[PDB]
């Protein structure tokens, strides 16, 4: 697997809020090791049977948590991610949507110099079927297995999950890198993790319009990823210079089209299923 396993201890920033409460309740029931949460002002109380702290450092000191999940509103998110990096947290999963691009521009530089991994922001999710679930996803369509999945989309991932669970194939770990234009981690970052994961036998790459991250990934795949890869790009029928939901879903200056990405991948040896119905199918091939 990658990023997380049964041992990952997780704290939650924005834990006593609606989404943090709800999703922690989920992570908890999935067996995920939520060891606590952080909410400035509510330190000293307990929520979901776990301890609630005033600062991330207090939390890390008290629990040894190494990963943090963030459900803090956009306006306060940069402060949140930075507090986490400062506190020692090594893996951050930022669910928050709507973080200003210029904030992510800075946070990305910080994460990189600081040797911290961030999945997100904007609804990513990480789940290692069987061991750990940090996210808002539906883990009863998941099946401990051999397929590694990276996607800029939450719901599109679910489809792929079901298809691999249905072909019995299973999922090593599923990573939702989020929908923003500057994410904490991108395809190449996670692809490398899958290439090195003994448990991951096949990789399903899920892109969409905008950016050239897929194209860049293709090239990386073509020279460093030996395991088989099945890729699907959403948004072939998307209009240009129009945001398709995701802050990052947008074809700017006629570049980053769904076809370009398909092309790039195909040119790197990637089973590109033209329909998201045939992802499970295409895996059946190469696998």
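Numbering follows the first chain given and starts at 1. Under this definition, the rigid core comprises the largest set of C-alpha atoms superposing within 1.5 Å between the forms.
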item	value
166-174 against 121-129 - segment lying farther from this form in 4 other deposited structures of this protein (CA RMS, rigid core fit)	121-129
Segment of higher mean CA temperature factor, 7-15 or 274-282	274-282
63-71 versus 242-250 - which carries the larger mean C-alpha B factor in the record	242-250
Residue, from 151, 96, 164, 128, that the PDB entry assigns the highest Cα B-factor	164
C-alpha B-factor winner, where the candidates are 136, 89, 132, 102	136
Assigned third (lowest, middle, highest) for the C-alpha B factor of residue 122	middle
Cα B factor band for residue 180 (lowest, middle or highest third within the chain)	lowest
Assigned third (lowest, middle, highest) for the C-alpha B factor of residue 200	highest
Lowest, middle or highest third - CA B-factor, residue 83	lowest
Chain-wide C-alpha B factor ranking for residue 51, given as lowest, middle or highest third	lowest
